[PDB]
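Here are two versions of the same chain, shown separately as structure tokens and labelled structure 1 and structure 2.
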Structure 1
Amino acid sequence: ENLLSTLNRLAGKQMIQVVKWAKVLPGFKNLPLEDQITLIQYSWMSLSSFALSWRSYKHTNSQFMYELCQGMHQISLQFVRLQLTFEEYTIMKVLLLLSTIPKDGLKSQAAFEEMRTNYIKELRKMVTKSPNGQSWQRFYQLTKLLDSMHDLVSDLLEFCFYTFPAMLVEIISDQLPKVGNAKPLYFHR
């Protein structure tokens, strides 16, 4: 009984710490607030898998739902193969945040597409400086890894839409709403 509760409570501790991180990313809180929410929601499983596999690779050197956990452990091993930088994690994290959208599209697809492109360019630039042994190779791998991140979580998004709150919506809109200062509008001066 106790196990599945704690992971849904750690999931919650982090989902609030993701918001705080995303809200410094350039041009995020400059998106529509509808979209901020949608983009964090849709990404979350891609985002978590990466983050978990990362802390595997960093903390216990890729040592520590076994159908489903096996994937993450497998990626954390890939991280050692690539000797992934932090830079490459934080960028690839952002990219995952922007890799899952609704088929409908977002409020401002135009704004979103610039942001994603902006970041995809950061990666491009960032691997004409940290490859191994040319740049184009490093790019092919980091990209294909981000893709396989979707495949890992491919069939487990419906199975989340169950577990998928009033918590985060508080912290996202928190800083953006702009609450003495009030200007009332009169019909006669």
Structure 2
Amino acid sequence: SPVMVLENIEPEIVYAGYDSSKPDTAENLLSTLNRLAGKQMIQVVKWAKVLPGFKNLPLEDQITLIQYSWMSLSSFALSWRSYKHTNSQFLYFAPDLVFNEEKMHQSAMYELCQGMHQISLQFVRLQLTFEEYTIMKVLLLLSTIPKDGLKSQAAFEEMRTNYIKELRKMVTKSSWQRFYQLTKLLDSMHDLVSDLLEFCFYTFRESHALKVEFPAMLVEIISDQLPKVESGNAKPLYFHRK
């Protein structure tokens, strides 16, 4: 049962290391989020290595998928924590960092934070299950590829198709109507992720001007991803073309 493997390989939740004694400036909050994103990225690698089928993909493709999907996996997991721990009332970044209205404003990402809150509110509406969540998170890892395709495109397509089949088998437990609600939710991630990345690329490019710090893991990923996304080399994969 590959879904039972997914449930068991879910990473431990990470602390932000948020310093509530320091002023709650945009520089301090965003730097904490970036430190958090770096720690989460290590967890994504550990998880992806043991993800059924991932090892079949060549190293270049594994790197491409992780770099293209990092914001998608991260934002989808933030929505899950917000839903599980607060019934989507707040943004649960970490046990030590839960955003209220104050923090949404202070972060200088108010509108993006409300966009994220809208996704977590969809989890409540649909009553998303952990089983559905874990399959969908794998689909997000496989949702953005290069415009000219991957090195082993057929191997990737076989893995993606297999996980789509798993999601269809799973919706029978809570069925065509549910399947399309879940694929609609997955497609909706691309637009929010595009806006999150646009802000991340901005603070990255004007880093010391805005005092926003980035850990080494994020510097490396963004340095590679930013020219590729901006030159139109990233190809978001949609279940239903808008």
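For the two forms, the rigid core is made up of the largest set of C-alpha atoms that agree within 1.5 Å on superposition. Numbers follow structure 1, counted from its first residue as 1.
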| query | finding |
| --- | --- |
| Is_shifted residue 148 between structures 1 and 2 (CA, 2 Å cut-off, rigid core) | no |
| Residue 15 C-alpha moves between structures 1 and 2 by 2 Å or more, core aligned | no |
| Rigid core superposition, residue 33 Cα moves 2 angstroms or more between structures 1 and 2 | no |
| Between structures 1 and 2, C-alpha offset at residue 158 (rigid core aligned, Å) | 5.0 |
| After superposing on the core, C-alpha shift for residue 48 between structures 1 and 2 in angstrom | 1.2 |
